[PDB]
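Next comes query-v2.txt, a file with compact mmCIF, C-alpha atoms and all ligand atoms.
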# COMPACT_ATOMS: atom_id res chain seq x y z
CA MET A 1 -19.33 -36.32 -43.63
CA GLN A 2 -16.37 -38.62 -44.05
CA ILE A 3 -13.08 -37.71 -42.37
CA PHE A 4 -9.71 -39.37 -41.84
CA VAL A 5 -7.79 -39.89 -38.61
CA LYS A 6 -4.04 -40.48 -38.55
CA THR A 7 -3.11 -42.51 -35.47
CA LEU A 8 0.05 -42.41 -33.38
CA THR A 9 1.51 -45.29 -35.40
CA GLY A 10 0.82 -43.48 -38.70
CA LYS A 11 -2.15 -45.61 -39.76
CA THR A 12 -5.01 -43.78 -41.48
CA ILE A 13 -8.56 -44.74 -40.47
CA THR A 14 -11.83 -43.51 -41.99
CA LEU A 15 -14.60 -42.14 -39.74
CA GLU A 16 -18.19 -41.26 -40.65
CA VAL A 17 -19.10 -38.20 -38.56
CA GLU A 18 -21.24 -35.07 -38.61
CA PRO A 19 -19.86 -31.52 -38.24
CA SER A 20 -22.25 -31.00 -35.30
CA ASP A 21 -20.59 -33.90 -33.44
CA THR A 22 -18.55 -33.02 -30.36
CA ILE A 23 -14.87 -33.83 -29.88
CA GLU A 24 -15.74 -36.42 -27.21
CA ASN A 25 -17.99 -38.23 -29.70
CA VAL A 26 -15.24 -38.30 -32.34
CA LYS A 27 -12.81 -39.61 -29.71
CA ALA A 28 -15.34 -42.30 -28.78
CA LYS A 29 -15.63 -43.35 -32.42
CA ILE A 30 -11.83 -43.49 -32.59
CA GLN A 31 -11.93 -45.74 -29.52
CA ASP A 32 -14.55 -47.95 -31.17
CA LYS A 33 -12.51 -48.33 -34.36
CA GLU A 34 -8.96 -48.56 -32.93
CA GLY A 35 -9.22 -49.24 -29.19
CA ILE A 36 -7.58 -46.00 -28.03
CA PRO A 37 -9.16 -44.67 -24.81
CA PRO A 38 -10.29 -41.04 -25.14
CA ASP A 39 -8.24 -39.90 -22.12
CA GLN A 40 -5.08 -40.69 -24.13
CA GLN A 41 -6.10 -38.94 -27.38
CA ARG A 42 -5.01 -35.44 -28.41
CA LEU A 43 -6.40 -34.27 -31.74
CA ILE A 44 -4.79 -31.72 -34.05
CA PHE A 45 -6.49 -30.21 -37.10
CA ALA A 46 -4.80 -27.59 -39.29
CA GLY A 47 -2.36 -26.84 -36.46
CA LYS A 48 -5.07 -26.33 -33.81
CA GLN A 49 -5.61 -28.68 -30.86
CA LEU A 50 -9.28 -29.68 -30.49
CA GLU A 51 -10.55 -29.14 -26.94
CA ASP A 52 -13.34 -31.12 -25.28
CA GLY A 53 -16.83 -29.64 -25.25
CA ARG A 54 -16.43 -28.26 -28.79
CA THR A 55 -17.77 -29.57 -32.08
CA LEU A 56 -16.11 -30.23 -35.41
CA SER A 57 -17.92 -27.22 -36.89
CA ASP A 58 -16.12 -24.92 -34.44
CA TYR A 59 -12.85 -25.74 -36.23
CA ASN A 60 -14.18 -25.64 -39.84
CA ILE A 61 -13.47 -29.36 -40.19
CA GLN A 62 -15.00 -30.20 -43.58
CA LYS A 63 -15.40 -33.45 -45.51
CA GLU A 64 -12.26 -35.52 -46.16
CA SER A 65 -10.36 -33.44 -43.59
CA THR A 66 -7.67 -35.18 -41.56
CA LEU A 67 -7.35 -35.20 -37.79
CA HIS A 68 -4.05 -36.19 -36.19
CA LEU A 69 -3.48 -38.11 -32.97
CA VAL A 70 -0.50 -36.59 -31.17
CA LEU A 71 1.39 -37.22 -27.96
CA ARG A 72 1.98 -34.10 -25.87
CA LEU A 73 5.23 -34.24 -23.94
CA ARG A 74 7.31 -32.18 -21.56
CA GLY A 75 10.76 -31.13 -22.66
CA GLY A 76 13.99 -31.93 -20.86
CA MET B 1 14.53 -28.59 -13.66
CA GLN B 2 16.98 -28.86 -10.78
CA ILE B 3 19.76 -26.37 -9.99
CA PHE B 4 22.36 -25.96 -7.25
CA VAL B 5 23.35 -22.90 -5.22
CA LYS B 6 26.76 -22.85 -3.52
CA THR B 7 27.44 -20.51 -0.62
CA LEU B 8 30.88 -19.12 0.21
CA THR B 9 31.21 -21.64 3.06
CA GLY B 10 30.72 -24.48 0.55
CA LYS B 11 27.19 -25.60 1.42
CA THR B 12 25.12 -26.82 -1.53
CA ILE B 13 21.41 -26.04 -1.77
CA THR B 14 19.23 -27.94 -4.24
CA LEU B 15 16.36 -26.10 -5.91
CA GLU B 16 13.46 -27.30 -8.05
CA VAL B 17 12.91 -24.52 -10.58
CA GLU B 18 11.41 -23.91 -14.01
CA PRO B 19 13.07 -22.01 -16.87
CA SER B 20 10.27 -19.42 -16.71
CA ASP B 21 11.00 -18.66 -13.04
CA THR B 22 12.46 -15.26 -12.28
CA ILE B 23 15.51 -14.68 -10.09
CA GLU B 24 13.11 -13.25 -7.50
CA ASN B 25 11.33 -16.62 -7.38
CA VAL B 26 14.66 -18.42 -6.96
CA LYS B 27 15.50 -16.15 -4.03
CA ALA B 28 12.07 -16.89 -2.56
CA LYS B 29 12.85 -20.61 -2.81
CA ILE B 30 16.20 -19.97 -1.11
CA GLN B 31 14.34 -18.12 1.64
CA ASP B 32 11.99 -21.08 2.06
CA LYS B 33 14.86 -23.58 2.29
CA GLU B 34 17.51 -21.62 4.24
CA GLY B 35 15.78 -18.70 5.98
CA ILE B 36 17.67 -15.88 4.23
CA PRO B 37 15.39 -13.08 3.00
CA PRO B 38 15.91 -12.26 -0.68
CA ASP B 39 17.08 -8.75 0.28
CA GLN B 40 20.27 -10.38 1.61
CA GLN B 41 20.95 -12.61 -1.42
CA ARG B 42 23.28 -11.90 -4.33
CA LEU B 43 23.20 -14.58 -7.03
CA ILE B 44 26.20 -14.81 -9.37
CA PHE B 45 26.49 -17.05 -12.42
CA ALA B 46 29.51 -17.09 -14.75
CA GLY B 47 30.70 -13.74 -13.44
CA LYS B 48 27.26 -12.13 -13.87
CA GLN B 49 25.24 -10.78 -10.96
CA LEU B 50 21.68 -11.92 -11.70
CA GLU B 51 18.95 -9.26 -11.65
CA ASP B 52 15.71 -10.20 -9.92
CA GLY B 53 13.30 -9.09 -12.66
CA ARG B 54 14.65 -11.53 -15.27
CA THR B 55 14.34 -15.29 -15.65
CA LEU B 56 16.71 -18.25 -15.60
CA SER B 57 16.24 -18.75 -19.34
CA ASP B 58 17.36 -15.15 -19.98
CA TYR B 59 20.85 -16.14 -18.81
CA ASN B 60 20.72 -19.51 -20.61
CA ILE B 61 21.03 -21.25 -17.24
CA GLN B 62 21.15 -24.96 -17.91
CA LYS B 63 19.90 -27.94 -15.97
CA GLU B 64 22.08 -28.93 -13.00
CA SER B 65 23.85 -25.58 -13.25
CA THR B 66 25.48 -24.05 -10.18
CA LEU B 67 24.82 -20.49 -9.05
CA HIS B 68 26.80 -18.84 -6.25
CA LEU B 69 25.21 -17.05 -3.30
CA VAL B 70 26.91 -14.04 -1.68
CA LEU B 71 25.40 -12.45 1.42
CA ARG B 72 24.44 -8.78 1.79
CA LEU B 73 23.65 -7.38 5.26
CA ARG B 74 22.37 -3.78 5.31
CA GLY B 75 20.68 -3.85 8.72
CA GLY B 76 23.65 -5.23 10.65
CA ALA C 1 -14.16 -29.80 -60.34
CA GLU C 2 -15.17 -30.18 -56.69
CA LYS C 3 -12.41 -32.74 -56.14
CA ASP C 4 -9.83 -30.08 -57.08
CA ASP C 5 -11.09 -27.67 -54.41
CA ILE C 6 -11.19 -30.50 -51.87
CA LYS C 7 -7.61 -31.46 -52.79
CA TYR C 8 -6.33 -27.89 -52.45
CA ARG C 9 -8.17 -27.28 -49.16
CA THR C 10 -6.92 -30.54 -47.61
CA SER C 11 -3.35 -29.91 -48.82
CA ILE C 12 -3.41 -26.50 -47.14
CA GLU C 13 -4.83 -28.07 -43.96
CA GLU C 14 -2.04 -30.67 -43.95
CA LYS C 15 0.62 -28.00 -44.45
CA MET C 16 -0.85 -26.08 -41.51
CA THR C 17 -0.72 -29.25 -39.41
CA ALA C 18 2.85 -30.02 -40.52
CA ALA C 19 3.96 -26.57 -39.30
CA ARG C 20 2.90 -27.52 -35.75
CA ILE C 21 3.39 -31.28 -35.39
CA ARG C 22 6.85 -32.77 -34.82
CA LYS C 23 7.15 -36.26 -36.31
CA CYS C 24 9.44 -38.75 -34.59
CA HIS C 25 12.01 -40.45 -36.82
CA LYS C 26 12.01 -43.75 -34.89
CA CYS C 27 8.34 -44.69 -34.45
CA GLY C 28 6.74 -42.09 -36.73
CA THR C 29 4.47 -40.49 -34.13
CA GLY C 30 3.34 -36.87 -34.15
CA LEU C 31 4.51 -34.80 -31.18
CA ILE C 32 3.73 -31.40 -29.66
CA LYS C 33 5.43 -29.81 -26.66
CA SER C 34 3.48 -28.77 -23.58
CA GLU C 35 6.30 -26.98 -21.74
CA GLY C 36 9.98 -27.25 -20.89
CA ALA C 37 13.09 -27.36 -23.07
CA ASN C 38 13.29 -27.95 -26.81
CA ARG C 39 14.99 -31.31 -26.20
CA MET C 40 12.18 -33.81 -26.77
CA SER C 41 12.34 -37.46 -25.71
CA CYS C 42 9.61 -39.27 -27.61
CA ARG C 43 7.71 -42.10 -25.93
CA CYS C 44 9.78 -44.61 -27.93
CA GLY C 45 12.97 -43.11 -26.45
CA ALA C 46 14.32 -41.29 -29.50
CA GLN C 47 15.49 -37.73 -28.90
CA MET C 48 15.05 -34.76 -31.20
CA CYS C 49 15.28 -30.97 -31.24
CA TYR C 50 11.89 -29.27 -31.25
CA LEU C 51 13.27 -26.38 -33.35
CA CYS C 52 15.18 -28.00 -36.24
CA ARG C 53 13.53 -31.46 -35.92
CA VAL C 54 16.92 -33.20 -36.17
CA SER C 55 17.71 -36.37 -34.25
CA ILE C 56 20.02 -35.64 -31.31
CA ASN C 57 21.81 -37.51 -28.53
CA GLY C 58 21.39 -35.03 -25.67
CA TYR C 59 21.97 -31.43 -24.59
CA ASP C 60 25.22 -30.95 -26.54
CA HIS C 61 23.02 -30.09 -29.52
CA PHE C 62 21.85 -26.83 -27.94
CA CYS C 63 23.70 -23.70 -26.89
CA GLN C 64 24.98 -24.18 -23.33
CA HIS C 65 26.84 -20.89 -22.95
CA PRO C 66 25.95 -18.14 -20.47
CA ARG C 67 23.98 -15.41 -22.21
CA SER C 68 23.24 -11.78 -21.51
CA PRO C 69 19.46 -11.45 -20.97
CA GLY C 70 17.81 -10.48 -24.23
CA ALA C 71 20.92 -10.97 -26.37
CA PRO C 72 22.01 -13.74 -28.73
CA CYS C 73 24.89 -16.02 -27.85
CA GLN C 74 28.35 -14.64 -28.67
CA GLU C 75 30.06 -18.07 -28.85
CA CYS C 76 27.88 -20.26 -31.10
CA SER C 77 24.77 -20.33 -33.29
CA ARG C 78 23.33 -23.57 -31.89
CA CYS C 79 19.62 -23.96 -31.20
CA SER C 80 18.38 -22.36 -28.00
CA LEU C 81 17.19 -24.75 -25.32
CA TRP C 82 14.44 -22.52 -23.89
CA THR C 83 13.03 -20.47 -26.79
CA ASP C 84 9.34 -21.11 -27.41
CA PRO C 85 8.63 -21.47 -31.17
CA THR C 86 4.85 -21.26 -30.68
CA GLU C 87 4.52 -17.63 -31.82
CA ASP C 88 6.61 -18.04 -34.99
CA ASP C 89 4.90 -21.32 -35.88
CA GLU C 90 1.49 -19.67 -35.47
CA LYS C 91 2.57 -16.75 -37.66
CA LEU C 92 3.62 -19.26 -40.32
CA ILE C 93 0.29 -21.10 -40.00
CA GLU C 94 -1.70 -17.88 -40.25
CA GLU C 95 0.24 -16.65 -43.30
CA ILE C 96 -0.27 -19.97 -45.10
CA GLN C 97 -3.97 -19.85 -44.22
CA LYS C 98 -4.37 -16.24 -45.38
CA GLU C 99 -2.60 -16.81 -48.70
CA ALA C 100 -4.52 -20.03 -49.33
CA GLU C 101 -7.84 -18.29 -48.65
CA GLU C 102 -6.87 -15.54 -51.11
CA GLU C 103 -6.00 -18.20 -53.71
CA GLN C 104 -9.31 -19.98 -53.12
CA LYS C 105 -11.17 -16.67 -53.52
CA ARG C 106 -9.26 -16.09 -56.79
CA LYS C 107 -10.15 -19.54 -58.14
CA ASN C 108 -13.83 -19.85 -57.21
CA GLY C 109 -15.00 -16.25 -56.91
CA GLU C 110 -15.38 -13.23 -54.65
CA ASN C 111 -18.39 -14.83 -52.91
CA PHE C 112 -16.86 -20.08 -48.79
CA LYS C 113 -13.09 -19.57 -48.64
CA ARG C 114 -12.17 -20.30 -45.00
CA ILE C 115 -9.56 -23.08 -44.75
CA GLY C 116 -8.95 -24.36 -41.24
CA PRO C 117 -10.10 -23.05 -37.87
CA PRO C 118 -10.78 -19.31 -37.47
CA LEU C 119 -8.71 -16.77 -35.54
CA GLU C 120 -9.33 -14.88 -32.30
ZN ZN D 201 9.15 -42.06 -31.21
ZN ZN D 202 18.05 -27.96 -33.16
ZN ZN D 203 26.25 -20.59 -27.31
Is it possible to give me this structure as structure tokens?
Ligand SMILES: [Zn+2]
Ligand SMILES: [Zn+2]
Ligand SMILES: [Zn+2]
Amino acid sequence: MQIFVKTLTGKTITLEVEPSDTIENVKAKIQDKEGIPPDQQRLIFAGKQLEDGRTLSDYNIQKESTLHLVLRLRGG
Amino acid sequence: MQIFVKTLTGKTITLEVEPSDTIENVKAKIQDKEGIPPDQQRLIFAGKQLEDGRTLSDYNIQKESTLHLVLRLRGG
Amino acid sequence: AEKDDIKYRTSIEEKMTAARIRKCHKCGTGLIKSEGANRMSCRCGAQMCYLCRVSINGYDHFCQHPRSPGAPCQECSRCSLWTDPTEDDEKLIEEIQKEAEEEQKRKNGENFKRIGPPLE
């Protein structure tokens, strides 16, 4: 499948993945394409945060779906 | 978050708390810092005597707020 | 034909994501809150309210009046500093998902309709 990833800056990149791929593998591809280390990446899809050890198919991520890179912060 | 507790003598105690902490946890922190068991502590904020089972956020206690400690001595 | 279903599914997915992500006005980065107050200081330094998503300058945006536990403020209607919007946002996400899956079942037929991750 082909999916999209929206980075922290707002840029949209295109990834070629498989629904059986794990979240770590998708984060590694994001690192290969944009240079973002996987320990800094937090992925959101359809409001759900993707946790490590899981695959895309666990979240029903289909073709041309969009993942979002988000910062997670503590409030004041 | 950080809050202050003023005794009647004027001494200021500084606590490191979280908005989810209960009043019982705040009294436990006061016991750790000053050696007063929570059964002797009465916490008052804005005219309200704080009940142990509820949290700081229930009273809308803000950051750097000041609570007032009054002592209770049943054993003598 | 298929492009229309892909467009509808992805639009629903993006609405579900928009109901959870807070976008910064300064740098344009998506944000989610781990814990703490609803006053969010983005990495770029811009502040915003996690509840109404409006740019703010500090704590004067929120209600700072003493409250009776379990009661609304009797002095103002300003945003609460400690209320967790996670439950309401998830109810909104689940309602959008449910209605979109019903619409997809109405369009295609009573026989795959799931849009987004499942429930628990
Ligand atoms: Zn920002
Ligand atoms: Zn607000
Ligand atoms: Zn108020």
Kindly provide, as a ChimeraX atom specification, the polymer residues lying within 8 Å of (17.0, -25.1, -24.3), counting all atoms listed in the file and using the coordinates exactly as they appear in the file. /B:60,62 /C:37-39,62-63,79-83
Exercise answer, 6 Å around ligand ZN 202 (chain D) with all atoms listed in the file, as a tab-separated table (two decimals) with C-alpha atoms, keeping the file's coordinate frame:
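Saved to part02.tsv:
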chain	number	residue	atom	x	y	z
C	49	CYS	CA	15.28	-30.97	-31.24
C	51	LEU	CA	13.27	-26.38	-33.35
C	52	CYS	CA	15.18	-28.00	-36.24
C	79	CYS	CA	19.62	-23.96	-31.20
Please write out chain B, superposed on chain A by least squares over all C-alpha atoms matched in order, as a PDB file with C-alpha atoms, keeping the file's coordinate frame.
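Wrote it out as superposed_22.pdb, contents follow:
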ATOM      1  CA  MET B   1     -20.177 -38.046 -42.440  1.00  0.00           C
ATOM      2  CA  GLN B   2     -16.817 -39.781 -42.714  1.00  0.00           C
ATOM      3  CA  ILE B   3     -13.457 -38.285 -41.702  1.00  0.00           C
ATOM      4  CA  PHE B   4      -9.861 -39.503 -41.551  1.00  0.00           C
ATOM      5  CA  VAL B   5      -7.263 -39.201 -38.790  1.00  0.00           C
ATOM      6  CA  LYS B   6      -3.578 -39.551 -39.692  1.00  0.00           C
ATOM      7  CA  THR B   7      -1.013 -40.414 -37.041  1.00  0.00           C
ATOM      8  CA  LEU B   8       2.633 -39.349 -37.204  1.00  0.00           C
ATOM      9  CA  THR B   9       3.611 -42.868 -38.319  1.00  0.00           C
ATOM     10  CA  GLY B  10       1.261 -42.528 -41.313  1.00  0.00           C
ATOM     11  CA  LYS B  11      -1.579 -44.828 -40.256  1.00  0.00           C
ATOM     12  CA  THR B  12      -5.042 -43.724 -41.382  1.00  0.00           C
ATOM     13  CA  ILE B  13      -8.066 -44.177 -39.129  1.00  0.00           C
ATOM     14  CA  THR B  14     -11.570 -43.850 -40.571  1.00  0.00           C
ATOM     15  CA  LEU B  15     -14.294 -42.359 -38.388  1.00  0.00           C
ATOM     16  CA  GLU B  16     -18.062 -42.127 -38.812  1.00  0.00           C
ATOM     17  CA  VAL B  17     -19.005 -38.786 -37.267  1.00  0.00           C
ATOM     18  CA  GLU B  18     -21.740 -36.160 -37.364  1.00  0.00           C
ATOM     19  CA  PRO B  19     -21.215 -32.396 -37.673  1.00  0.00           C
ATOM     20  CA  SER B  20     -22.812 -31.940 -34.236  1.00  0.00           C
ATOM     21  CA  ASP B  21     -20.251 -34.245 -32.591  1.00  0.00           C
ATOM     22  CA  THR B  22     -17.775 -32.617 -30.248  1.00  0.00           C
ATOM     23  CA  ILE B  23     -14.019 -33.177 -30.374  1.00  0.00           C
ATOM     24  CA  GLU B  24     -14.425 -35.160 -27.147  1.00  0.00           C
ATOM     25  CA  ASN B  25     -16.742 -37.565 -28.989  1.00  0.00           C
ATOM     26  CA  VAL B  26     -14.217 -37.908 -31.819  1.00  0.00           C
ATOM     27  CA  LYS B  27     -11.522 -38.787 -29.288  1.00  0.00           C
ATOM     28  CA  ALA B  28     -13.892 -41.332 -27.747  1.00  0.00           C
ATOM     29  CA  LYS B  29     -14.328 -42.897 -31.193  1.00  0.00           C
ATOM     30  CA  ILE B  30     -10.539 -42.950 -31.592  1.00  0.00           C
ATOM     31  CA  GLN B  31     -10.305 -44.682 -28.217  1.00  0.00           C
ATOM     32  CA  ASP B  32     -12.850 -47.269 -29.353  1.00  0.00           C
ATOM     33  CA  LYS B  33     -10.985 -47.966 -32.605  1.00  0.00           C
ATOM     34  CA  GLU B  34      -7.319 -47.713 -31.526  1.00  0.00           C
ATOM     35  CA  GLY B  35      -7.179 -48.033 -27.728  1.00  0.00           C
ATOM     36  CA  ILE B  36      -5.691 -44.594 -26.988  1.00  0.00           C
ATOM     37  CA  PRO B  37      -7.460 -42.772 -24.142  1.00  0.00           C
ATOM     38  CA  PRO B  38      -8.564 -39.257 -25.098  1.00  0.00           C
ATOM     39  CA  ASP B  39      -6.208 -37.812 -22.458  1.00  0.00           C
ATOM     40  CA  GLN B  40      -3.322 -38.828 -24.747  1.00  0.00           C
ATOM     41  CA  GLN B  41      -4.778 -37.414 -27.987  1.00  0.00           C
ATOM     42  CA  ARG B  42      -4.025 -34.054 -29.580  1.00  0.00           C
ATOM     43  CA  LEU B  43      -6.080 -33.360 -32.707  1.00  0.00           C
ATOM     44  CA  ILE B  44      -4.738 -30.763 -35.154  1.00  0.00           C
ATOM     45  CA  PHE B  45      -6.534 -29.450 -38.228  1.00  0.00           C
ATOM     46  CA  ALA B  46      -5.121 -26.754 -40.528  1.00  0.00           C
ATOM     47  CA  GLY B  47      -2.623 -25.667 -37.895  1.00  0.00           C
ATOM     48  CA  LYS B  48      -5.295 -25.448 -35.170  1.00  0.00           C
ATOM     49  CA  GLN B  49      -5.250 -27.620 -32.063  1.00  0.00           C
ATOM     50  CA  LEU B  50      -8.888 -28.658 -31.610  1.00  0.00           C
ATOM     51  CA  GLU B  51     -10.461 -28.058 -28.190  1.00  0.00           C
ATOM     52  CA  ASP B  52     -12.601 -30.863 -26.801  1.00  0.00           C
ATOM     53  CA  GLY B  53     -15.640 -28.779 -25.817  1.00  0.00           C
ATOM     54  CA  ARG B  54     -16.389 -27.620 -29.379  1.00  0.00           C
ATOM     55  CA  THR B  55     -17.812 -29.414 -32.401  1.00  0.00           C
ATOM     56  CA  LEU B  56     -16.572 -30.357 -35.858  1.00  0.00           C
ATOM     57  CA  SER B  57     -18.881 -27.783 -37.440  1.00  0.00           C
ATOM     58  CA  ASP B  58     -17.306 -25.031 -35.303  1.00  0.00           C
ATOM     59  CA  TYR B  59     -14.077 -25.493 -37.275  1.00  0.00           C
ATOM     60  CA  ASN B  60     -15.925 -25.898 -40.598  1.00  0.00           C
ATOM     61  CA  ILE B  61     -14.512 -29.419 -40.881  1.00  0.00           C
ATOM     62  CA  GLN B  62     -15.700 -30.834 -44.170  1.00  0.00           C
ATOM     63  CA  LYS B  63     -16.602 -34.326 -45.263  1.00  0.00           C
ATOM     64  CA  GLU B  64     -13.614 -36.594 -45.958  1.00  0.00           C
ATOM     65  CA  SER B  65     -11.373 -34.100 -44.176  1.00  0.00           C
ATOM     66  CA  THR B  66      -8.141 -35.260 -42.553  1.00  0.00           C
ATOM     67  CA  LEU B  67      -7.227 -34.446 -38.963  1.00  0.00           C
ATOM     68  CA  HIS B  68      -3.799 -35.226 -37.506  1.00  0.00           C
ATOM     69  CA  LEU B  69      -3.259 -37.072 -34.229  1.00  0.00           C
ATOM     70  CA  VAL B  70      -0.274 -36.267 -31.990  1.00  0.00           C
ATOM     71  CA  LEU B  71       0.353 -38.316 -28.855  1.00  0.00           C
ATOM     72  CA  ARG B  72       0.682 -36.925 -25.322  1.00  0.00           C
ATOM     73  CA  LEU B  73       2.039 -39.164 -22.534  1.00  0.00           C
ATOM     74  CA  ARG B  74       1.929 -37.647 -19.029  1.00  0.00           C
ATOM     75  CA  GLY B  75       2.118 -40.880 -17.030  1.00  0.00           C
ATOM     76  CA  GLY B  76       5.171 -42.304 -18.792  1.00  0.00           C
TER      77      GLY B  76
END
Please identify every residue of chain C that has at least one atom no more than 8 Å from any atom of chain B, counting only C-alpha atoms, and report them as a ChimeraX atom specification. /C:36,64-70,81-82
Select all residues near (20.7, -29.8, -2.4) (cut-off 12 Å, inclusive, file coordinates), counting only C-alpha atoms, and output them as a PDB file with C-alpha atoms, in the frame of the given file.
ATOM      1  CA  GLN B   2      16.980 -28.860 -10.780  1.00  0.00           C
ATOM      2  CA  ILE B   3      19.760 -26.370  -9.990  1.00  0.00           C
ATOM      3  CA  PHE B   4      22.360 -25.960  -7.250  1.00  0.00           C
ATOM      4  CA  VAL B   5      23.350 -22.900  -5.220  1.00  0.00           C
ATOM      5  CA  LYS B   6      26.760 -22.850  -3.520  1.00  0.00           C
ATOM      6  CA  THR B   7      27.440 -20.510  -0.620  1.00  0.00           C
ATOM      7  CA  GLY B  10      30.720 -24.480   0.550  1.00  0.00           C
ATOM      8  CA  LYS B  11      27.190 -25.600   1.420  1.00  0.00           C
ATOM      9  CA  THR B  12      25.120 -26.820  -1.530  1.00  0.00           C
ATOM     10  CA  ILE B  13      21.410 -26.040  -1.770  1.00  0.00           C
ATOM     11  CA  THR B  14      19.230 -27.940  -4.240  1.00  0.00           C
ATOM     12  CA  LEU B  15      16.360 -26.100  -5.910  1.00  0.00           C
ATOM     13  CA  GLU B  16      13.460 -27.300  -8.050  1.00  0.00           C
ATOM     14  CA  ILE B  30      16.200 -19.970  -1.110  1.00  0.00           C
ATOM     15  CA  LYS B  33      14.860 -23.580   2.290  1.00  0.00           C
ATOM     16  CA  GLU B  34      17.510 -21.620   4.240  1.00  0.00           C
ATOM     17  CA  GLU B  64      22.080 -28.930 -13.000  1.00  0.00           C
ATOM     18  CA  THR B  66      25.480 -24.050 -10.180  1.00  0.00           C
TER      19      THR B  66
END
Separation of atom CA of residue C:5 from atom CA of residue C:112 in Å: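 These atoms are spaced 11.1 Å apart.
Interface residues on chain A toward chain B (cut-off 12 Å, all atoms listed in the file): residues 74, 75 and 76 of chain A.
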Give me, as an MDAnalysis selection string, the set of residues whose atoms come within 12 Å of any atom of ligand ZN 201 (chain D), counting all atoms listed in the file. (chainID A and resid 8:10 70:73) or (chainID C and resid 22:31 40:48 55)
Is it possible to get the axis-aligned box enclosing stretch 80-95 of chain C (all listed atoms, 4 Å extra per side) as JSON, with centre and edge lengths in Å rounded to one decimal?
{"center_x": 8.3, "center_y": -20.7, "center_z": -33.6, "size_x": 28.1, "size_y": 16.1, "size_z": 27.4}
Could you please determine the separation between atom CA of residue B:21 and atom CA of residue B:52 in Å, to one decimal place?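 A separation of 10.2 Å between them.
Put simply, atom CA of residue A:22 is 12.3 Å away from atom CA of residue A:43.
When only C-alpha atoms and all ligand atoms are used to measure the gap to ligand ZN 203 (chain D), the shortest distance among C:105, C:91, C:78, C:20 belongs to C:78.
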